């Protein structure tokens, strides 16, 4: 009945030595993880988490999306702990994670960190995740302006943490964007909305990467654009 058309793109950017973002996109699961750590232990962290989510794409659909998602993330976060325990040569490594799991006309959203999920629906663009950062707290509390908001952040580091989990409606015509801060830091939401207007999902995704890079590509930039269609 309802199906996804998706496009994932990731680029190292114009500055960073390695790409510490990891991404997955398939017919049921979209997922993105921005890793961090000394010596690109951070590609390790982001891969471990994506690797623990992957099975949700091909597993028999669906059932309790949030619970599956919650379990997947906890599993990724235990892998990271195990990694750190086996080499304090990885101490402090971690990753953000934003993922969506689809089933029929519902979806589960799981999030922790400063990667983002957005919905384009009936011509409006909304951010369906909230950055888990000190700056976000400050702006929410009117303590700094949104502009001064242009680190200190929740992350999967192997220490137990519950991410945010939200069940939502998946509607024919929805367009979903997942992105790392390497997109949303250099590129405003008005410009992202423009790119999200491009019909073909691959070309929209390609445009976003191009726009981050035109913006100086200061960080790894990763996107998944996806449509819910009849």
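Numbering follows the first chain given and starts at 1.
- Going from residue 150 to residue 151, the model skips 4 to 9 deposited residues, which lack coordinates.
- Between the stretches 158-166 and 53-61, it is 53-61 that shows the larger average CA temperature factor.
- Mean C-alpha B-factor is higher over 191-199 than over the other stretch, the pair under comparison being 176-184 and 191-199.
- In the PDB entry, the Cα temperature factor peaks, among 113, 76, 94, 123, at 123.
- Comparing the C-alpha B-factors of 32, 41, 69, 27 in the entry, the top value falls on 41.
- In this PDB entry, the Cα temperature factor of residue 80 sits in the bottom third of its chain's modelled residues, the lowest group.
- Residue 99 sits in the lowest third of its chain by CA B factor, as recorded in the PDB entry.
- In the deposited entry, the Cα temperature factor of residue 205 places it in the middle third of its chain's modelled residues.
- Sorting the modelled residues of the chain by their CA temperature factor places residue 226 in the middle third.
- The PDB entry assigns residue 89 a C-alpha temperature factor belonging to the highest third of its chain's modelled residues.
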